[PDB]
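This report refers to the structure that appears directly beneath it.
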Amino acid sequence: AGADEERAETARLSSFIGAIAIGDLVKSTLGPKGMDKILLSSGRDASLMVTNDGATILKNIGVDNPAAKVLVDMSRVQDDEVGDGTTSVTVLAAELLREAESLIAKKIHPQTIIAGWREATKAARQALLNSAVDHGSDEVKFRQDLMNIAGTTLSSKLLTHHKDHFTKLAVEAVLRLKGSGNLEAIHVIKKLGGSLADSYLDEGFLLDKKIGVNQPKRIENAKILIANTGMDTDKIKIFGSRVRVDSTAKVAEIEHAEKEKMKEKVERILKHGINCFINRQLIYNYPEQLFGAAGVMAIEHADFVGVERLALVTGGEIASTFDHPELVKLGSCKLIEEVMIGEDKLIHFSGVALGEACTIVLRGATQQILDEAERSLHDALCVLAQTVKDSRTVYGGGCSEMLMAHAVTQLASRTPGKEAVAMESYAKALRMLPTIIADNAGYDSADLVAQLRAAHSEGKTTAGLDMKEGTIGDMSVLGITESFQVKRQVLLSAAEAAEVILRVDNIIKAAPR
Amino acid sequence: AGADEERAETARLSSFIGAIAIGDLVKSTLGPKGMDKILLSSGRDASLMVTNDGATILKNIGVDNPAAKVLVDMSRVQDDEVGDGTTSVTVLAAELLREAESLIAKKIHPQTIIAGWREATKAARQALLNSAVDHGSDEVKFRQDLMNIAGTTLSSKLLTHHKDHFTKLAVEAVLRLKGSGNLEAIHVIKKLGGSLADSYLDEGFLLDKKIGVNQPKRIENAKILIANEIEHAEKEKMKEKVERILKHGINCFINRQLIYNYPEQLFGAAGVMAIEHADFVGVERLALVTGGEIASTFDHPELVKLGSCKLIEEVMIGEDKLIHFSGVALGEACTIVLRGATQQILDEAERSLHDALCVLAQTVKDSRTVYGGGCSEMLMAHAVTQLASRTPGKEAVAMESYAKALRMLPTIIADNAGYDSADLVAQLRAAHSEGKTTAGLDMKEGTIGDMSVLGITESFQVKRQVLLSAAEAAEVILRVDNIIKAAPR
Amino acid sequence: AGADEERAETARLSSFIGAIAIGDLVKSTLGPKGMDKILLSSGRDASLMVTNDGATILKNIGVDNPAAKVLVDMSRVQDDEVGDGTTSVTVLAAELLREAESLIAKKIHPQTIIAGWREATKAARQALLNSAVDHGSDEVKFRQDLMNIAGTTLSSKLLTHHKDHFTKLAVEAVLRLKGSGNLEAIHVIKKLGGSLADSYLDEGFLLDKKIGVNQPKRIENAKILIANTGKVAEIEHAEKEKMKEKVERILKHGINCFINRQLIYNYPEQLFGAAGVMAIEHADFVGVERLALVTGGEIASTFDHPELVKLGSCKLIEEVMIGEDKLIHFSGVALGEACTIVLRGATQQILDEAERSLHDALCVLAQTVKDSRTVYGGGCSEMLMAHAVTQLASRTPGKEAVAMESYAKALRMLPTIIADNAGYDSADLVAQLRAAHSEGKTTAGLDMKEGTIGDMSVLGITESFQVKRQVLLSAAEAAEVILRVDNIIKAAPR
Amino acid sequence: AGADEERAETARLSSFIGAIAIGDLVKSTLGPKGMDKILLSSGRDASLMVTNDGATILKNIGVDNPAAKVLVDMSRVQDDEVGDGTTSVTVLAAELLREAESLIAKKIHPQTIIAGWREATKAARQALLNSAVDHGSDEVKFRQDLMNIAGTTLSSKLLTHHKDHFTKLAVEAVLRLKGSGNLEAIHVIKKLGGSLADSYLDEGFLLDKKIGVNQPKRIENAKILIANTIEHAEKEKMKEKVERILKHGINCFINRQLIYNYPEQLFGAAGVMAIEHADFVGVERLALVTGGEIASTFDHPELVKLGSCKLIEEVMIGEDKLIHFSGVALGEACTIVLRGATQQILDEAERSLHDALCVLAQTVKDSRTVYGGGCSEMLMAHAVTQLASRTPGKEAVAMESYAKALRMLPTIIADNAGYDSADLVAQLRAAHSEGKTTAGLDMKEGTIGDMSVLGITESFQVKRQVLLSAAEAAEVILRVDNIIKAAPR
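Printed below as a string of structure tokens:
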């Protein structure tokens with residue numbers, strides 16, 4: 014229905030603007046020294062969200078009328094099977110649109126010009142088939158656990174002054190996460206406190222809640238209880254109305270009935286040896302006095318998301334009415350205690366025998382810049398899982414992009430008529446990436462492009478863009494690598510719909526309405 | 014990736030503006046001629062708040078959209094580590110920003126410039142291991158007890174004309190408080206009735222409050238009580278209080294909260310003085326002093342209560358109504374009562390004692406100090422200026438910008454003095470360059486003098502943490518564009 | 014009034030806008046189906062200037078507030094040593110400005126980038142003497158003399174249907190032109206039309222004036238006279273004496289024609305008709321200047337001026353029927369140093385293109401003699417250079433490369449433009465064009481009649497070698513002045 | 014009547030704005046990689062002039078309400094004395110205004126800072142002490158005649174791809190000039206044609222006028238006549278001209294004004310070439326060249342006239358006809374003609390050339406120069422930082438700020454080069470600090486190199502008064518709210 018009318022030229026233009034606007038923000042993000050973008054919104058979110066991951070912020074927000082959301086949505090599928098590394102895929106697609114302005118001069122058949130996607134099928138071929146990636150990544154592995162690909166993802170991120178160490182920590186997390194058991198139950202939070210480590214590794218799941226001022230400080234061989242239904246009692250489905258009774262004698266039983274709820278909770282809780290209770294909602298006051306005497310620590314209004322992960326962690330339980338204790342519930346038993354961390358007080362669940370689920374706690378300076386660690390971390394978890402079993406990678410720092418560009422230029426001219434025009438335009442698309450990496454490093458982009466091309470042309474796939482250097486250097490020494498799937502999936506997506514429809518290269522434009 | 018957006022140079026300006034606004038308000042705060050600031054704002058605050066301490070005022074309010082609050086929060090961690098000293102750390106960070114106007118001339122990636130912070134680390138340790146300055150503070154101590162750091166914290170506040178004598182007194186308070194346990198039993202009030210001595214020292218505890226208009230004027234052999266059918270029930274509650282009370286001879290009751298009206302009538306007829314809403318901080322202190330009490334329900338009287346009976350009375354000192362607890366047998370905890378000349382500077386004395394207890398605990402443990410009055414700042418500034426020219430590429434514009442930031446502290450210290458700031462900067466630099474570590478800014482002088490003779494010294498913990506913290510403050514400028522919130526609209 | 018405050022980005026923008034507006038107008042002017050532009054202004058402009066030659070109209074006027082008059086001025090110096098072919102220099106300079114938006118993206122300093130133009134100048138020269146071409150233009154040359162560049166230069170002009178023939182004629186003019194003097198004394202005027210030939214070549218100078226309807230139709234063994242200077265009864269008698277002096281001196285000489293650059297007195301007019309002598313009133317001074325070198329000239333004084341003090345060439349002077357209209361012919365000059373070129377046309381006031389097409393035409397083949405060097409036409413040169421220049425950007429150490437590569441892709445538009453107007457799809461054309469050029473055959477080019485690609489040499493199209501060397505050096509620098517200048521100091525009442 | 018209202022601080026701003034507006038156009042111009050600008054205007058202006066010399070363009074126009082024209086006017090006194098080389102004097106004065114924003118922050122006495130100018134004079138000697146000038150320029154000078162300052166003057170001008178060769182030519186022009194009388198008898202015109210040399214040096218004077226269509230093409234053993242000035270009477274003027282003229286053998290006549298038609302017919306038959314409306318300035322120079330003559334009424338022929346004869350002819354050069362006067366016996370006065378590669382930038386030659394004539398003459402007379410490429414400026418910068426610490430009171434703050442001003446110049450010279458500015462600044466500082474006055478910014482290299490090997494040096498005078506002018510301009514805009522003077526050209 015209604016509003017927003019666009020056709021042919023004007024409609025093509027809307028696609029054009031969306032690609033250029035996104036490219037500049039993502040432009041600072043790529044390579045060993047990127048920049049931080051900080052966002053504040055109104056009416057649906059709490060505060061300032063800062064993300065160095067182009068994928069994370071894009072998924073969350075659809076700011077305006079121009080089209081770009083659908084292109085953005087696709088990158089997530091990429092994350093599930095490979096994703097990140099560094100966010101470069103969005104940039105390649107955007108630059109495709111710049112050539113379109115020179116096409117109107119031609120003024121006849123973009124479709125004839127378009128001969129290129131079949132030609133760009135070649136990109137699926139040339140970009141990720143020539144150059145020997147990586148191989149072993151044995152298992153657990155001493156030295157090769159990190160100090161390579163995680164570091165590159167982080168280098169593009171500003172926090173590398175101390176976060177390079179954080180990245181190193183993440184693979185330790187993946188080692189426990191490898192084997193059989195699914196990609197689930199990984200929890201991470203950041204703490205407002207400065208230390209050299211800037212992060213702490215827990216033996217289990219971290220939660221931030223307390224029963225009250227009273228109750229024992231620490232429990233051992235802990236039994237964990239999770240209830241779906243609240244502790245609160247009174248109304249029931251049918252009120253039974255608020256009653257009055259024939260004398261003061263029968264009003265007493267009602268108060269007495271309250272005591273019975275108290276009775277059930279302690280009598281069978283004691284047999285279990287219950288050390289901790291976690292409830293996701295409001296908690297009734299009566300049990301609270303009881304738990305302190307028993308020596309049981311309960312958690313008021315515990316977050317549901319923490320709870321679901323916790324069930325996987327402790328073998329779980331079936332949560333229903335107060336019958337829920339004993340056998341229906343399973344409780345792991347290493348150590349549960351509330352421990353002060355840097356400055357804040359946190360409760361630590363640890364020693365889960367099953368081992369499938371684990372939690373990582375980050376620590377920091379207390380800056381917005383610190384919130385950067387949250388954005389980088391999310392990026393890192395996805396990067397390592399894919400690196401371990403994809404058994405395939407490419408040289409980073411734009412090494413791959415310059416090589417393909419040299420190869421694609423040859424393709425133009427070699428093909429005779431009709432075929433040649435789009436293939437060269439596709440070819441120039443590789444050139445902007447070298448420019449994007451250099452500009453964010455504070456070095457003159459013009460000077461950098463010229464010197465960059467000569468090293469790639471020579472045949473060293475290892476050589477690439479070194480931002481700290483300001484010129485060109487050996488990418489491999491740095492340990493900068495991109496996963497094979499991230500590069501492979503994007504080229505097909507760019508040349509997917511593009512092929513068959515207007516069957517060839519220089520896409521999209523609008524259709525009906 | 015958008016919100017409220019400004020890019021590179023405009024983005025830089027939002028951080029740039031926040032630092033300059035804070036520096037001017039805080040500059041007048043520092044040293045002997047510093048001045049008190051008062052704030053008034055609409056809704057959810059009341060009216061006049063006056064905070065001499067820069068840290069306390071910044072923490073309380075997030076006034077506007079431009080970023081600065083996160084930078085503000087960090088000073089508190091520093092406060093916990095050692096505390097106040099003199100407020101100077103916020104100021105260094107602000108002047109760092111002015112150089113950034115010239116960083117556009119550098120013309121490269123600002124993150125790349127950030128290497129200067131590492132360079133700042135060189136500045137951080139140049140200050141360190143150069144000029145050992147202190148050895149001492151064994152415990153109690155005959156002559157090193159004061160005329161030192163307490164005097165410098167007090168230097169910031171104009172009370173120093175007679176106050177420095179009072180601050181000498183404060184370490185005596187600390188010596189009694191370092192042992193036995195806690196950080197309790199210290200209370201300070203001011204009275205109007207000026208004399209040269211300006212302070213006494215109460216062995217007991219001093220409190221300002223009254224039961225009500227009725228009740229006996231004075232109590233002797235005083236005993237102290239401290240406490241942590267419906268219609269019919271209330272009468273019994275009254276009755277239990279009187280029955281237990283009469284046998285004891287109960288002279289005074291102190292309760293840390295609101296007090297129910299029924300008992301009030303009974304206390305008047307009985308001849309018992311009670312205190313409504315007594316502050317908790319005073320109450321804990323009283324317990325150590327009186328031998329303590331077991332505070333619980335109305336069973337609290339007799340044996341579970343230990344009472345000190347020298348004398349409790351409401352005493353007129355000078356003018357204002359106050360109640361004096363004295364004659365404590367323990368002697369471990371005391372209250373210092375200082376008499377002033379009747380000015381805000383008299384209220385100024387309130388924060389001088391707080392400042393003194395904290396220093397000695399930290400000063401004994403660190404075993405290190407630095408010269409105060411900006412002595413360290415010019416010396417460090419002299420060392421840092423050389424570093425900028427020496428370092429290549431990226432480092433040189435950034436290195437001197439941090440070095441430059443040391444210069445304002447000398448300027449801030451004397452601007453509030455009443456002397457011309459421009460003249461002060463040149464003269465200061467010449468003495469530090471020459472090689473005298475002891476030499477520093479003398480505000481009373483208007484020029485430079487020997488800091489050690491004053492006795493002004495600064496705790497080692499305040500200096501090490503600020504420099505690492507400062508780097509983070511300089512670390513949140515240009516790289517961050519806008520990005521507003523922490524507290525409701 | 015005082016106003017118009019602009020700085021930094023806004024000042025750059027004024028430069029940006031001037032380049033974009035000009036490029037669209039000059040855009041269809043390149044190649045076989047170029048578009049006719051007609052432009053008029055009040056005052057002394059006159060009437061008919063319809064401009065297909067981009068350089069000619071731009072040079073003539075400076076109509077509006079934005080700054081671009083100076084960039085336009087620069088193209089003419091190029092024109093004097095070579096100029097045209099097709100007007101492409103302005104287009105290439107204009108497209109460079111688009112990257113200026115990316116300059117703020119580079120966010121450092123624009124001056125570092127402009128050094129690329131110097132480099133571009135080197136790029137211009139390394140795109141000149143390497144990556145070969147035709148190696149023809151021996152001298153005189155019976156078949157390669159034309160039907161070449163002019164055909165392509167003419168291609169941008171509509172009149173190509175009968176004008177391509179005209180174009181062939183123009184090199185004959187250069188063959189006589191080459192030698193002792195320089196590029197001097199060449200005059201050409203269109204005379205609408207009505208003949209298959211569409212042009213007659215005059216062995217001498219062309220003139221267009223008549224004394225009056227009466228007077229002898231033809232003169233032979235003609236002596237030419239050019240003069241700088243234009263009892264009451266005896267006064268009347270004295271007038272007769274002026275008549276007498278003019279006749280007495282005239283008959284002995286045999287004077288066949290008189291030409292004067294000013295008003296002529298009525299009394300002598302009757303005399304000339306009876307004698308058998310034709311006179312010209314208010315003949316243009318410029319025509320006379322050209323004529324003096326040609327005929328050996330004379331000394332122009334008072335009536336003593338006839339006989340020996342004046343020299344009169346005597347081949348043939350006549351008024352002849354040219355297709356339809358009458359135009360005077362001065363011809364058969366012994367010296368041979370200076371000549372006159374005459375052309376015609378279909379007549380749609382698009383023929384007037386020939387008035388300025390010709391201005392570009394005049395310089396190009398005169399130049400061809402001097403160069404003894406030429407390049408393949410039909411855009412053959414542009415595709416070859418484009419293939420070579422793409423490699424060249426990486427060949428340079430840096431700085432040079434960024435500007436050189438952008439410059440390289442600029443060449444792509446010209447092949448597109450040549451076939452775009454041709455009535456064929458540009459997209460198919462650009463790809464097929466490159467394959468033949470990359471192959472190694474320099475003779476391959478845009479075959480516009482064909483609609484595809486073919487042997488340019490077979491068609492017979494070549495461009496003056498100078499047009500390519502100067503244009504490349506000139507284009508980069510003409511482009512540089514608008515981009516490098518941020519903030520032009522002014523004051524604009526308007 | 015009333016539209017714009019300004020007071021004190023905003024008044025400073027109007028003055029502030031003028032310095033920034035001028036600085037952006039001028040900065041591009043400075044150093045070996047500068048730019049050229051074109052101005053249209055209207056009324057009493059023939060056509061747009063494009064000026065590279067900051068001094069020439071500012072003198073010629075007073076475009077708007079803000080006051081800057083007077084600041085501009087002073088630079089010319091500097092130019093007659095020396096001036097040029099590169100226009101940097103105006104830029105440096107402009108950058109001192111930026112500190113003024115800092116100054117309101119100071120919030121004290123604005124003129125207290127004014128002491129810094131006195132200090133600036135101290136700063137000026139500071140460069141002299143800390144840089145090695147030159148050891149020679151003893152007249153004529155076999156290799157150091159050029160390939161130094163002219164190269165720097167010209168390098169700032171892009172045209173140096175081929176024009177560096179013409180820059181070399183200009184000193185030869187000054188060497189003949191040095192001697193007996195002031196700055197006169199030098200004529201130079203650009204020509205629209207292409208050649209490798211890009212210019213020709215003429216021993217005589219070049220002119221561009223023609224008698225008429227008729228008249229002999231060429232004259233030899235030429236006699237030259239210069240003039241400062267019913268029907269039957271007209272014939273007599275014709276008679277005197279021919280009779281007297283024939284005896285002398287008269288080959289050419291040059292008249293500075295309109296010429297009567299009757300003689301024109303005579304000259305053609307006689308075989309004499311005359312010039313109508315010849316420019317007086319060309320004539321005066323020509324007279325010195327040919328030995329001159331006494332110009333009066335028609336009694337002017339014979340001995341009162343002295344004519345030199347080598348060759349006078351009209352020659353085709355490129356596309357435009359000009360007349361060449363050549364073979365002067367005196368040799369004292371000469372004319373320079375330059376061609377080059379054409380465009381807008383060739384009208385530039387009239388502009389660039391004016392600058393060239395001024396720099397080279399100075400080089401022979403001064404016998405003093407300093408190393409170019411910014412070598413002088415960085416070394417002064419290393420030197421400037423130490424002095425500020427030493428100077429008492431007012432002087433330290435102002436001397437240091439003046440001192441860091443010099444840092445930007447290395448950055449601007451490098452920036453136009455086309456190389457990374459950040460890397461360049463620090464490396465430059467290291468070479469100067471060591472003690473090599475020769476080392477400087479090698480823009481072509483992209484890094485620091487030995488300036489002396491290049492051969493580039495700057496005239497000593499340009500440096501002496503730039504510092505003094507910069508200081509008066511630096512005394513600046515802060516002073517008076519209105520300045521104005523003159524009605525030029």
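Residue numbers (the UniProt record's numbering), protein chains in the order written: chain A, 14 to 526; chain B, 14 to 241, 266 to 526; chain C, 14 to 243, 263 to 526; chain D, 14 to 242, 267 to 526. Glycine is no exception: its CB is placed at the ideal position from the N, C-alpha and C atoms.
Any C-beta of chain A under 8 Å from that of residue i
| i | result |
| --- | --- |
| B/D86 | yes |
Any chain D beta carbon closer than 8 Å to residue i
| i | result |
| --- | --- |
| C/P447 | no |
Presumed contact (8 Å Cβ cut-off) between residue i and residue j, rounded CB distance
| i | j | result |
| --- | --- | --- |
| B/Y299 | B/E271 | 6 Å |
| B/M415 | B/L465 | 5 Å |
| B/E351 | B/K358 | 7 Å |
| A/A118 | C/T448 | 6 Å |
Simplified DSSP state of residue i, which is helix, strand or coil
| i | result |
| --- | --- |
| C/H269 | helix |
| A/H361 | strand |
| C/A311 | strand |
| A/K441 | helix |
Proximity winner among the options, relative to residue i (alpha-carbon distances)
| i | options | result |
| --- | --- | --- |
| B/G129 | B/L105, B/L465, B/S438 | B/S438 |
| A/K72 | A/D92, A/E321, A/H200 | A/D92 |
Residue environment, residue i, which counts as buried when at least 16 other CB atoms sit within 10 Å
| i | result |
| --- | --- |
| B/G56 | exposed |
| B/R388 | buried |
| D/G305 | buried |
8 Å Cβ cutoff, residue i in contact with chain C
| i | result |
| --- | --- |
| D/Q380 | yes |
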